[PDB]
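We place every Cβ from the backbone using ideal geometry, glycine too, and count neighbours over all the protein chains shown. Readers should treat all values here as calculations from the given coordinates under stated rules, not as data from a laboratory.
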Amino acid sequence: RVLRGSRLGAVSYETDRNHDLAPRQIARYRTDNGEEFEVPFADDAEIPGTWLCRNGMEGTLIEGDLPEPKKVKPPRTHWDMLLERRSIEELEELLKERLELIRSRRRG
Amino acid sequence: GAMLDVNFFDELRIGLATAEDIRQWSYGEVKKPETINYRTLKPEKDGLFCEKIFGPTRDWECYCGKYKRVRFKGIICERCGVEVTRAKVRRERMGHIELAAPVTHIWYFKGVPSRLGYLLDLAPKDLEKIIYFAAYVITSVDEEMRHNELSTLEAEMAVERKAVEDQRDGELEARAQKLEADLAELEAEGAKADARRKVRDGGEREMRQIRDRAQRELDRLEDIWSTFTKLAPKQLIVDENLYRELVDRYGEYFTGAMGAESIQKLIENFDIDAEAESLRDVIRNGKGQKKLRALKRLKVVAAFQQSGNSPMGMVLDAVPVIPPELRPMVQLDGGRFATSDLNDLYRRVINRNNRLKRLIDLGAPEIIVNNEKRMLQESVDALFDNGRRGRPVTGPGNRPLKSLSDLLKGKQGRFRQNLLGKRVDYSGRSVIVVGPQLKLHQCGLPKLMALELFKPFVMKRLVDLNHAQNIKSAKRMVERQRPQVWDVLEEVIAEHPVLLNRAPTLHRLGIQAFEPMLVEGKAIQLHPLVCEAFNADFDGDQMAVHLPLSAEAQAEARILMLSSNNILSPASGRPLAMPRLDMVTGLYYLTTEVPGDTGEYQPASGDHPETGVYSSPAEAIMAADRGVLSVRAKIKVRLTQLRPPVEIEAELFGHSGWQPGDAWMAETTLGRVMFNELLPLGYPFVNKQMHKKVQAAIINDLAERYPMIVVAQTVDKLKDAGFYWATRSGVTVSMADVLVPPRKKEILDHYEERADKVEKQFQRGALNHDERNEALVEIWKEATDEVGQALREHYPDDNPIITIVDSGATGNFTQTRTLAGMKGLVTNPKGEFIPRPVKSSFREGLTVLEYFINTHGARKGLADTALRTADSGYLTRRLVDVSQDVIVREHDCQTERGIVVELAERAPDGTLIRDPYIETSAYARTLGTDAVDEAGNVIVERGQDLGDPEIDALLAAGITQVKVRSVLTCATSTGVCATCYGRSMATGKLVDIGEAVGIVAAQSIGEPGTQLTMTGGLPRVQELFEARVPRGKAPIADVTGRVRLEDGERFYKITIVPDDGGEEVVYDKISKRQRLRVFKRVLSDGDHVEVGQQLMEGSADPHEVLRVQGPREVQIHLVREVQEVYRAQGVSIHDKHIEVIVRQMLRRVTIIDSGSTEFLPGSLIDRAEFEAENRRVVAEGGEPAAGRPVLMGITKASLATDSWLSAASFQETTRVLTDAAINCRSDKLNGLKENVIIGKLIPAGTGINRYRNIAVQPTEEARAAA
Amino acid sequence: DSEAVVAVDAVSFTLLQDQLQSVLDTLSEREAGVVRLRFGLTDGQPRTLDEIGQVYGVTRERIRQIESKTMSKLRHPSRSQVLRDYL
DNA sequence: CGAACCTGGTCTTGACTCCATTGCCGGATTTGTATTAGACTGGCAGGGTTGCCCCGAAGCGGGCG
DNA sequence: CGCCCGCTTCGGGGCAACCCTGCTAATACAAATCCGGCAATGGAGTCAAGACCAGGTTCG
Ligand SMILES: [Mg+2]
Ligand SMILES: [Zn+2]
Ligand SMILES: [Zn+2]
């Protein structure tokens, strides 16, 4: 009849030692729209330049050590869906067709 | 301002939240609709359980597992991105969602009234077309640009309009030419004429089509031009084709949007203060419904104006996220997961947000965009309050999903379920059994139950004794029960009080504190004298045991809730430890006097002496243990240890007949001598036959004269003697002792022939069905009383059945009559009487049909009892809802106003007969005025407790009217003062400065509703407190003069001639169901009536007698009216409880004229606040508002509360909470309701600051001596 | 809640720490410091043989010998009946 | 009282030995994305039920010109 | 003797709450992720002897 469950999280029991801790660093991260966030890192820790801040947008490191900006590609354009299946000469034929069309529409 | 909440609370300010504050609260943006992996069962990044955002689940262990120590704390590992900490910050930390599109909060749109609708002054049924993307709305316009361009613009409008004219000119010309061609092709040939006319008709209908097509185009152009000229903000373009063909022209002159961003823009280009002054001018100059609507708008407009709020926060941009432990996904055994039904709504919101965001980043056509925006809006609406608009979103099998607002509202709402109760540790329950040998301040207790209750205590004590190395082997020994642990359990239970409670808790004595003691068995032994307080018969009713822990808790249990300290009623001062069912019969047998008995005194002396006296009661005991003396025989003892009565005592010894030394004789029985041995030494001899009423008077006398601990011992000794002589009383029931009256049968013959004549006359048809039924009812009631009379005279007094009744232990005479004799009338299931009736007794045995008739009333009574106890619980709820904030805070308000009491009116001869309802009214009161005896001395000075002897002195002095204080005239602002409350009904002394008299009054009124056996009952009481219009609504007078009395066609047409020159007040709608009031004789046409004389019989509304004869008269009326019902059920309630309740009704006043200081007419404000602001405002703004005293109902008084948290749990919790946030009304935490909810030490009893801050030190002399 | 605080285990672990400190203080100062720095019982971090021989200015071997001797000294049922009851 | 001697440990030294700890490559599986060419172009539980309040409209009366 | 609006009342509609009632199928491919097995170790521990005497114990 009795039923139990478990929140999947460890419950450890030590004392809240306020005095003796691992010493730590503080790194200032800045987002795009002039927002400052200071993140407590450890001493023995490399400080990453890029960061997802408390703001939720991307926040960079306040010293300009220049992480790599994009190094990526655009996914696929509608131009790419067109160009992978058509000819540029064909598109030129359609363009000159529509140009002569707006010609015949506009001045006679 | 303290979010870590360290114990110095004073206020609780609710406020509307800005989106800036929302993103200030959050520790990250959730942006993926994920919960947890299916496979590794760890939470996902950017999800609804994201440990980067919400926090770690493992105490001081990060997600990537780089750091796993508590020494690593307050750092964030660069890989996992998690602040390593304790894993209960996931209870506190919130997340947020930055939206792509604005959203309106639903509580400002779909309530009553619409807050957005008043703030914008638009129709809600048109605002819904705005925010749900059904209508565009102009949010701004450049008026001066149109104003200086508009002549040129209407010139090009004429150019536009002239083009359609040229079009129809060309079309009508070409069509006229084509019809001329049709005429030339019809007239050049030979044919039938009608076909040519139809070709003509075709041409004409074509040019008809031309001309009205042109006309319609011109209509469209003039309409769109009229719209452009009359263009203004807050204008709605419904059906959107006008908008779509409109904007392309002149779009540089206006902005018109659709949906929530348009609402945002309208709030942005908005002054509150210009429209504030505009509404002030309108209420300055308006009239009627226009100014009423202006007031209703000015309410919320000045609400936004006065506070530091902003209506910008009414629309929403960032949606917060509740911490995930409040909505957890706990697994069960086997991976069956248990979500919390909010996660589905959050997933809908995240999915629709990301879909909208991808649509915007792609570039999408308009319909899909507005569709996704409306879906997002409805998703946030379902997130906040599912089912508020349209159709509730359901899950599996069409069960609607619990929204976020559903946590607070309804049955399972957070406020009410917190207010309902909490299951507690250190408690237990069992079935109870009688404990008749035990002391009053005790309770027996099952040892295996107390072994579990007191387990940390016994573990500590057998750690102190060297029986275990630690607490762990101590706990194991407690499980293994090594028999020294019972001795240690005795030691720890010694002097440690426990609580006891029978559910339900009807009143204050439902919880009492007893000293436990370890008893064999497994049931809770209850002392028998508290069964009346608990209403606990031993038919299997269980009781719940609690246990105090702190020293303060042990003190409160030991001193307040102890058995010996709570003896009297809190309601009406009479005791509840009083002897009862068995021991009353025991003592009645023990003290009754029986002449014609063995060893009875005779004074007659032949050769013998009188041979009846006995020198000592010890000698009497010896001669009674030998079989000479019966106990109930009359003798003449010589007493040396008992106090003689006042006649004999004053006769012999004058100054003091002091029983420790004196010796005196009396003619009594042995039993009464042994009885007065139980009573204390100072008490005089009684020498009466102990009826229950006599014993009640005795115990009242003891409690009013002697200290309480004496009375507890006396009642215990009475219990022992009552049981010991209930044994020997010989009261048994044999069916040979249920004697029948012998001439019952001829009485049945008599009334049977009478009923036979009546029914035969009905069979003649001379009288109808109703009159013969009523005649049968009256004849059989006469026969019933005849049989009961014959039964009553037939029984001898030693018949045990009549002995129990005449003693007053239990049962009325009617139950004895229905045992032996005749049941009589059994009811209709409707409520009428069955005219048969039952002619037999239970000893005779009924018939099939008679028993079948009896079933109706039996089952109706059971169902009525269930309904009564439920509704009495509800009425007790409402009374606690009203009176929860009335405590004593001062000793004396020192007014001199106060009510008068009738107080033992005289005769027409002048003989002061005692008024029967003095004990409920005049006692336990303090005289605010003096009393003098025909300008003689002051008999009773100002402010005396008004108990029995001084009231007897007032009856001696012959005065009947005293101006006495009341809580109706207490002059304290915050509650009552003590002297106007008088004697506390249970202590017997003056009330303290911390008593919650409101809750005591509420329980004292609400308790006998079960005994209220029934419009003349509990709904009558309820509508009296709800102050509704009565069903027995009968008119009262307005001024003196004789009546214009008349009973016209089929109902009544009664008017009143005024004594002064005035109008006749016309009373039209009086049905013939009402009857003429009998008063002073029966009312007649031309009776000079009073001002408060009731015209008909019945019950007037109290509103009318308030409006005519003010507050004093309606108070005097309501007390008498409710007390009359409690008289009718034979339940004595002291009147000060009803005084407390009615005082809460008459707190607030209405406004009919505003004065000049922020007053709306018809507003209900407190009287004292009103009078104080008037005495401030008479200087510099001296327009006193015209206030009128108003009587508001108990629910209405509850809803007109002080704080939002004080209400919070009654009725439309949402509507309370929304304008609570709008007003930004801060709480001050002055009631006890809120301090209970937040768990603060409440300001009552032990809780106020006078007792909370007591400095404790020893006396310095004893400090030095020790 | 199977992952909730049993609340007798907390005070039992407290008493464990308390009498543990008592039994560790029954011995000499260097030995108790060795055991505390070895098992991290004074800070939470188990400092190894190099750190203990650093803080006492001695070899790893001497720390190993001292720790083995402390294990010999702890292994008395007289010393450890209360400790045996703790598990 | 001085030389002989076993044992308090105390600590060094080398020498060895086991073992995680990256690291690297190679393979396995696992998740995410794109792509399928005959035509095939607008549905549905809600449903009710009570009750109470609120506004709109109707009806009428009453004070005015 | 008519006018005009304001008061009053009925009536319907909307809203809060609550229960009843219902209650097509792959492929191609890349990219990521995992995991499996030697191979750099250097570090962390571990036998074993040996040298430091210092102080009680033995014989003279
Ligand atoms: Mg019972
Ligand atoms: Zn981590
Ligand atoms: Zn007072």
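With respect to B:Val70, determine if the residue is within 14 Å of chain A (Cβ to nearest Cβ) and either out of contact with any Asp or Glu (no Cβ under 6 Å at 6 or more places or on another chain) or more than 25 Å from B:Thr1213 (Cα to Cα) (or both). Even if it seems obvious, please write down each step before you answer.
On the way: within 14 Å of chain A (Cβ to nearest Cβ): yes; either out of contact with any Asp or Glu (no Cβ under 6 Å at 6 or more places or on another chain) or more than 25 Å from B:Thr1213 (Cα to Cα) (or both): yes.
Considered against the rule, which asks whether it is within 14 Å of chain A (Cβ to nearest Cβ) and either out of contact with any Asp or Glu (no Cβ under 6 Å at 6 or more places or on another chain) or more than 25 Å from B:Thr1213 (Cα to Cα) (or both), B:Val70 comes out as yes.
Residue check: is B:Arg86 more than 16 Å from ligand 3 (Cβ to nearest atom), farther than 18 Å from A:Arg24 by Cβ and either within 12 Å of chain A (Cβ to nearest Cβ) or touching a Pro at 6+ places or on another chain (Cβ under 6 Å) (or both)?
Values: more than 16 Å from ligand 3 (Cβ to nearest atom): yes; farther than 18 Å from A:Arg24 by Cβ: no; either within 12 Å of chain A (Cβ to nearest Cβ) or touching a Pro at 6+ places or on another chain (Cβ under 6 Å) (or both): yes.
It is false that B:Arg86 is more than 16 Å from ligand 3 (Cβ to nearest atom), farther than 18 Å from A:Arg24 by Cβ and either within 12 Å of chain A (Cβ to nearest Cβ) or touching a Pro at 6+ places or on another chain (Cβ under 6 Å) (or both).
What are the residues in region B:81-123 that are farther than 25 Å from B:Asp385 by Cβ and part of a strand (DSSP E or B), if any?
B:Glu83
For residues that are at the interface with chain A (Cβ under 9 Å from one of its Cβ atoms) and not charged (D, E, K, R), scanning just region B:73-83, find the one that is surrounded by the fewest Cβ atoms within 10 Å (Cβ to Cβ).
Applying the filter and picking the extreme gives B:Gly74.
Which residues, taken from region B:1220-1262, are polar (S, T, N, Q) and under 25 Å from B:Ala17 (Cβ atoms)? Break it down into steps so the answer makes sense when it comes.
First pass over region B:1220-1262, keeping only residues polar (S, T, N, Q): B:1223, B:1226, B:1230, B:1235, B:1246, B:1249, B:1253, B:1257, B:1259.
Those that are polar (S, T, N, Q) and under 25 Å from B:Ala17 (Cβ atoms): B:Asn1223, B:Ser1226.
In this structure, is B:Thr611 at positive phi, surrounded by fewer than 20 Cβ atoms within 10 Å (Cβ to Cβ) and not small (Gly, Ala, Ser)? Walk me through how you get there before you give the answer.
Working: at positive phi: yes; surrounded by fewer than 20 Cβ atoms within 10 Å (Cβ to Cβ): yes; not small (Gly, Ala, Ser): yes.
The answer is yes for B:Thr611.
Here's the yes/no breakdown for (1) crowded, with 17+ Cβ neighbours inside 10 Å; (2) within 31 Å of the chain's Cα centre (by Cα); (3) within 16 Å of ligand 2 (Cβ to nearest atom):
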site	(1), (2), (3)
B:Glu552	no, yes, no
B:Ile567	yes, yes, no
B:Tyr588	yes, no, no
B:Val594	yes, no, no
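Find the strands (runs of 3 or more DSSP E) located wholly in region A:4-64 whose residues include 1 or more that are more than 7 Å from chain B (Cβ to nearest Cβ) and crowded, with 18+ Cβ neighbours inside 10 Å, and list them.
Details: elements: A:24-30, A:36-42, A:58-61.
Hits in region A:4-64: A:24-30, A:58-61.
Let's see how each residue does on (1) among the charged types (D, E, K, R); (2) within 39 Å of the chain's Cα centre (by Cα):
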{"site": "B:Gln305", "(1), (2)": "no, yes"}
{"site": "B:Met314", "(1), (2)": "no, yes"}
{"site": "B:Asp317", "(1), (2)": "yes, no"}
{"site": "B:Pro323", "(1), (2)": "no, yes"}
{"site": "B:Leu345", "(1), (2)": "no, yes"}
{"site": "B:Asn351", "(1), (2)": "no, no"}
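Please enumerate the residues belonging to region B:327-349 that are of a type in the set (A, V, I, L, M) and touching a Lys or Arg at 6+ places or on another chain (Cβ under 7 Å).
Step one: list which residues in region B:327-349 are of a type in the set (A, V, I, L, M), which gives B:329-330, B:332, B:338, B:342, B:345, B:349.
Within region B:327-349, B:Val330, B:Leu342 qualify.
Could you please give the count of residues in region B:966-990 that are closer than 15 Å to B:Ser569 by Cβ and β-branched (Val, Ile, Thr)?
Selection size over region B:966-990: 1.
Restricting to region B:1165-1199, name every residue that is closer than 27 Å to B:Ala294 by Cβ, surrounded by 15 or more Cβ atoms within 10 Å (Cβ to Cβ) and among the hydrophobic types (A, V, I, L, M, F, W, C).
B:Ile1165, B:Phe1170, B:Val1177, B:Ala1185, B:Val1190, B:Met1192, B:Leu1199 - these are the residues of region B:1165-1199 that are closer than 27 Å to B:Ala294 by Cβ, surrounded by 15 or more Cβ atoms within 10 Å (Cβ to Cβ) and among the hydrophobic types (A, V, I, L, M, F, W, C).
Determine whether C:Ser80 is farther than 27 Å from B:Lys68 by Cβ and within 12 Å of another protein chain (Cβ to nearest Cβ). Talk me through it step by step, then tell me what you get.
Details: farther than 27 Å from B:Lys68 by Cβ: yes; within 12 Å of another protein chain (Cβ to nearest Cβ): yes.
In short, yes.
Quick one: in region B:17-59, of everything that is among the charged types (D, E, K, R) and in contact with a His (Cβ under 7 Å, 6 or more places away or on another chain), which residue is farthest from the other protein chains (Cβ to nearest Cβ)?
At the first step, the residues of region B:17-59 found to be among the charged types (D, E, K, R) are B:20-21, B:23, B:29, B:31-32, B:34, B:39, B:42, B:44-46, B:51-52, B:58-59.
This time we only want the ones that are in contact with a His (Cβ under 7 Å, 6 or more places away or on another chain), so: B:23, B:29.
Details: B:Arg23: 7, B:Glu29: 3 Å.
Among them, the one singled out is B:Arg23.
Within region C:53-69, is there a residue that is surrounded by 13 or more Cβ atoms within 10 Å (Cβ to Cβ), within 30 Å of B:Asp59 (Cα to Cα), more than 12 Å from every other protein chain (Cβ to nearest Cβ) and not basic (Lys, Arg)?
No.
Can you go through B:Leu549, B:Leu526, B:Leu518 and tell me which one is hydrophobic (A, V, I, L, M, F, W, C) and within 27 Å of B:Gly988 (Cα to Cα)?
Details: B:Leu549 fails: within 27 Å of B:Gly988 (Cα to Cα); B:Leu518 fails: within 27 Å of B:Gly988 (Cα to Cα).
Just one listed residue meets the conditions, B:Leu526.
Considering every residue within region C:5-24, establish whether at least one is away from chain B (no Cβ under 14 Å) and exposed (fewer than 12 other Cβ atoms within 10 Å of the Cβ).
No - not one qualifying residue is present in region C:5-24.
Of the residues that make up region C:37-48, is at least one over 14 Å from the mean Cα position of the chain (by Cα) and more than 9 Å from DNA strand E (Cβ to nearest atom)?
Scanning region C:37-48, I find no residue that is over 14 Å from the mean Cα position of the chain (by Cα) and more than 9 Å from DNA strand E (Cβ to nearest atom), so the answer is no.
For region B:367-410: of the residues being of a type in the set (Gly, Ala, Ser) and within 13 Å of DNA strand E (Cβ to nearest atom), which is farthest from the other protein chains (Cβ to nearest Cβ)? Give the steps one after another, and end with the answer.
Applying the first criterion (of a type in the set (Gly, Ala, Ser)) to region B:367-410 yields B:379, B:382, B:387, B:390, B:395, B:397, B:403, B:405, B:410.
The next check asks that each one be within 13 Å of DNA strand E (Cβ to nearest atom); those that pass are B:387, B:390, B:395, B:397, B:403, B:405, B:410.
Numbers: B:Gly387: 29, B:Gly390: 32, B:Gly395: 20, B:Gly397: 22, B:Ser403: 23, B:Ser405: 25, B:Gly410: 26 Å.
Ranking the candidates gives B:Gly390 first.
Taking the options B:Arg558, B:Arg574, name whichever one is more than 16 Å from ligand 1 (Cβ to nearest atom), under 29 Å from the mean Cα position of the chain (by Cα) and away from chain C (no Cβ under 14 Å). Lay out the reasoning, then the answer.
Details: B:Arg558 fails: under 29 Å from the mean Cα position of the chain (by Cα).
After applying the criteria, what remains is B:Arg574.
Which of (1) buried (at least 18 other Cβ atoms within 10 Å of the Cβ); (2) under 14 Å from B:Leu547 (Cα atoms); (3) under 32 Å from the mean Cα position of the chain (by Cα) is the odd one out, the single condition B:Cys531 does not satisfy?
Against the list (1) buried (at least 18 other Cβ atoms within 10 Å of the Cβ); (2) under 14 Å from B:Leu547 (Cα atoms); (3) under 32 Å from the mean Cα position of the chain (by Cα), B:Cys531 comes up short only on (2).
Which one of these is within 25 Å of B:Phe337 (Cα to Cα) and within 43 Å of the chain's Cα centre (by Cα): B:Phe8, B:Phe54? Explain how you work it out, then say what you get.
Details: B:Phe8 fails: within 25 Å of B:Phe337 (Cα to Cα).
The unique qualifying residue is B:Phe54.
Would it be correct to say that B:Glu515 is surrounded by fewer than 16 Cβ atoms within 10 Å (Cβ to Cβ) and either under 24 Å from B:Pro436 (Cα atoms) or hydroxyl-bearing (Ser, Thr, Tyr) (or both)? Give the derivation first.
Details: surrounded by fewer than 16 Cβ atoms within 10 Å (Cβ to Cβ): no; either under 24 Å from B:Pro436 (Cα atoms) or hydroxyl-bearing (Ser, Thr, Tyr) (or both): yes.
For B:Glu515, the condition - surrounded by fewer than 16 Cβ atoms within 10 Å (Cβ to Cβ) and either under 24 Å from B:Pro436 (Cα atoms) or hydroxyl-bearing (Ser, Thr, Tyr) (or both) - is not met.
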